[PDB]
Structures are given as C-alpha cells and as structure tokens.
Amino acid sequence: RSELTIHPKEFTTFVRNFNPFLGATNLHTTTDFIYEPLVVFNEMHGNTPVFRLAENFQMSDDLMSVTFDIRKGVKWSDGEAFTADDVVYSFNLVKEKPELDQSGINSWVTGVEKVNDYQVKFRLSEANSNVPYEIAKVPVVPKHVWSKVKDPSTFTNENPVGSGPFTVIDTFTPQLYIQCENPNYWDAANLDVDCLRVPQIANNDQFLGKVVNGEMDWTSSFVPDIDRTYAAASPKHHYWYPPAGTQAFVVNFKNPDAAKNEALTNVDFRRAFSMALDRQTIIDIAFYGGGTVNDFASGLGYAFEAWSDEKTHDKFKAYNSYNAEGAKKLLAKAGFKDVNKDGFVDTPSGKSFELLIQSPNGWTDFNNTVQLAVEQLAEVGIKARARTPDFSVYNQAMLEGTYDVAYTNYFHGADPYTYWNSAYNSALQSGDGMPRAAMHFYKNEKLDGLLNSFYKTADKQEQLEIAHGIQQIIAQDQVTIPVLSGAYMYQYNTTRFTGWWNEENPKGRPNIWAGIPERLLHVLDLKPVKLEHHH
C-alpha cells in the first residue's frame, strides 16, 4: 500500500483532535482530507470552481440569496448519506456558537434552509456575489452525530466520520499518525493514494534534516539555500515556488504601554520604521531571493499591480523604500528626539522605549527577517529586539493585543480582497475564532464600508473604484509596514509518487497547509511509482 508522507503543520507532540472547527488546536489533516468541501475554488486560476460534494450553485435576483445543488450518491465513511441537512445543521451550529466561525461566515449568511433533500438556500445580510466562496469555507459535519454531541465547542472527535478521501485512523502515536482511505469515498475511482503519513516535526531545523535526506514526499516548509542543500542532495528532490501573499510588520494600535503606544500610533513613526527597512536585503538574506519587494503602503503587492491606483502608490512609495537618512530626518521632524544620550530616539513626551518584535518559534525565515529588521532599525536610532514565541503564544498575544510589533504573512486570494479584508476589516478584530491578521486594532468605519461593499455590485469599473478607495485609506495611514510578497513554498519528491503540480504542470496552489483546499485536488492527481515486482 502507498503511504504519502506529508507535513502540514509543526507540532511537538500529536494530540488526537479532528474537530474541523477547532483550527487553533486540531490536527491539520482534518479539513479537506476528512471533511470534503462543497466546492473547491481554484484561487491561482481566477477562483474557478471545482464542484465536489456540491453539483452546482446559483445566486439570486439581487445578489441576496443562493442555492447549492447537493450531489446525490455521496456517502459518509460510516455509511450514511450526505444530504442537505448536514449542510443545514453545520451552518446553524456556527451561528449558534460563533466561536466556531473561523471565516467570518456569520456576518454574511443570515440564515440557512433545507429547500429539500439536495438543495440548500442561504440568505445574506447584504449583497455579496462572492458569498459562494465564503460558504465553501465552512466545514460540513455529519448531522447524525454532531447533533447529539454534548459540546461541539470541545468535542475532540477522535474517530471522525468524514466525507473526504482519508478518514480512517490506521495508527496513532504522539510522534506519528497514518490516515487511510475512506471506504465509502465517492471519488474513490480518482484516488490513487492509499494513506497519509504524518510525522511529528517541531521546527524548520528538524524539518531540514528529514527533507534533505529524502524522507518526505509532499511538504511546504521553509528550506534555506534550497538549491545547494536539498535540490543538490538528490535528483529526486524537486520544488515549485509560485508567488504568494503579503508579509508585513504589524504594529499594535492598542498597546497598553504608554511610551510604546505613543510611538506606534504615530504615522510619522510607522513611516520612519518602514523607511529604515531594507526590503530587498531581507528578501536576499532571509529568503534566499525567494520573494518580491512590496513597496505599496497599502500592501497591495506587485501581483495585483493591475488593480493599483498608481497615483496613490507613487505618493507613498518613498515611505516604503529603503532610506535610512530619510528615516532619521523624519524622526527628527516628527519630534522623536534622543533625550537621555543612549543613541536611541525617545517619544515626544521624553520617554525611552524599546519595541519587542515577535515571529513564531521555528519559522526561521521570519525569525531572521525580524533580526535583520532589528539591526536596520538600530541604524536610524529605533530600539527594538526580537522574540520568537511558540505559535500559539504568538497568536494569543495578537488576539489579546499584548504584543508590540509582529511580523506576519497573510492568506492570498485571486483578487486584493482576500488580503485587504482579512488584514483590515475591523469586524475581524473581535470573536474568539478569529485569526491574527486584523489584530492591529486600527479601526476605520469608511474602510469597513468599502470592504463590505466590494462584491455588492457587478460593475467591474465600480469595484475597481472601491479598491482604489481602500488603497488610498490604508496607504495614507501607513497602517502596517508591508515588506514583501512571499512564495508558496512547496517541495516534492519524485521517488515514491508521480503526478505533482509544478511549473510545467501548474494546476493550482501546490501546498499541503490547511487553508489550501486545493490540496484535495492535488492528492487526487498523485500516483505511486512502480518500484518493485511480484516474483
């Protein structure tokens, strides 16, 4: 039997938890691989829908409702029948318990109803023509189970009943678990992989040793000097790094320290911070050239240059370009003066301060970015130092607003909305299932208004104009400090399997992370290599 060795997420130890709604504590082979979505949107290729457990969808009248045609003939892993009430239950479960909304679905779908056994209708809080994409983000769980569970909020779901291709827990150790083919998988014919083999790997260092020794199949980790360390180790070691989303330094607007709050809430300081940074050098040293300078004050990025209002871009690009003397003169003009002779600037009220900059433990490319930033900042007289907390500590500090500055990446869509909405919609700064992206706690009502209306009208020109408005608001206030546009790191080994996506076969986002539903489509294309013979 063919075992595919994947690595979606670092863990120090595996804790059995396959609850699809617990993204911050579950195992990361749960969405897609255990719970198949209704539709997979191919984000790299214009968000083209690939219909899965749903056959078709159709929006309404006024962009204010939608129906999904549930495919019949689809059975759960236990034997039961995938139907509309599963969808129905699932969506009610998220409105009842908004802790389980990881997407923001509850601010869109205002109710959900079983048209019949194979059709569901959703009604909206407002016109959003992109709401089928949002709808697809919600996990759909078997009603004949989850309805009767004590607390879904804490159900660890250790023997999952799933619709996806890999639902069987074959083995489970704290250092290894193997996930095996659903015996009622509807697309079983298309599937040529037996099992998912998930080893426990805690950081990029432990990962490095395995991957260069040919021990992995499908991974998406950072690999330093990848040509001379991994590519050079075997001709079987391949990779494909298509362009990804924005990475930025995010500053806390609600920092509880008086002195730090005084610096971070000041647009002149954020701009000076930004001008102190040498973006291309960060890309070259920390990422070994694997990235693109982002000198958009709005964070838009060169992948979306087509969307860009070039007036706005040019007006603020100087604040987002390496210029240490410019940084120093801005600090002086703004009044951040060193008044206690240590060479580091103090706030307008005369207070000394040091910025603690955080990135997740083990994410070494980001750790080294922060450390380059600390030195670049010191050259213009801004005192800072690095911290590398465990991801969950890192994440919590942002949700709780206790951090000073955080370096982070964002999810990346087929248009600027995925980035701009997740990074700036102030509604996403509240709610316990919310990711870290918006947690700068900068709030602008006009901005939320523009974000909320982006898919409200089918006018391509008007929509572009809304994007110009968003771009201008964010750039003027230098809300974050955008640094670069990164890559979808992806490594594959041709030793044991074939059919991989790559430059000559770019079928979609190739990565194995949770939050890349396309990985479901990717594993279906994979096929074992004929290595040995019968007798």
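Residue indices: 1-based, along the sequence shown.
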| query | finding |
| --- | --- |
| Residue range whose averaged C-alpha B-factor is higher in the record, 140-148 or 447-455 | 140-148 |
| Between the two ranges 460-468 and 370-378, the one averaging a larger CA B factor in the entry | 460-468 |
| Residue with maximal Cα B-factor (values as given in the PDB entry) among 396, 200, 409, 171 | 171 |
| Given 364, 421, 92, 349, the residue at which the Cα B factor reaches its maximum | 92 |
| Ranked against its chain, the third holding the CA B-factor of residue 45 | highest |
| Among modelled residues of the same chain, the CA temperature factor third for residue 11 | lowest |
| Lowest, middle or highest third - CA B-factor, residue 107 | highest |
| Record-listed C-alpha B factor of residue 181: chain third | highest |
| Record-listed C-alpha B factor of residue 507: chain third | lowest |
